[PDB]
Amino acid sequence: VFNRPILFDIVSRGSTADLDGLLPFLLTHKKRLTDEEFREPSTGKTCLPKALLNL
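Residues numbered from 1 in each chain as written, not as in the entry; some residues may be left out. Part of a larger assembly, values for the part shown. Heavy atoms only, no water.

- For this entry, the PDB record names cryo-EM as the structure determination method and reports a resolution of 3.21 Å.

1. Some details on helix α1 (residues 4–13)
- Every buried residue belonging to α1 is among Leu7, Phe8, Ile10 and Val11, and all of these are buried. The buried residues of α1 occupy an angular sector of 165° when the element is viewed end-on, so they sit on one face.
- Packed against the buried residues of α1 are α2 (22–28) and α3 (47–53).
- Following α1 by one or two positions, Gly14 has its phi on the positive side, about 65°. (Buried < 20%, exposed > 50% of the residue type's maximum accessible area, 1.4 Å probe, protein only. Helix = DSSP H or I, 4+ residues; strand = E, 2+ residues; numbered from the N terminus. Arc of directions from axis to C-beta. Contact = heavy atoms within 4.5 Å.)

In structure tokens form, the structure reads like this:
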């Protein structure tokens, strides 16, 4: 349901409505926000730096 491009676009849009349900979906699949296949591959940027930059 939630992937890296979709989550990045959602957090860049600065709306805490489409990101609802990310926590249950992430915990059921036994994932983490810091997984390599979940963050930006070129640099290592995660959702929090993307939110701060797109403030």
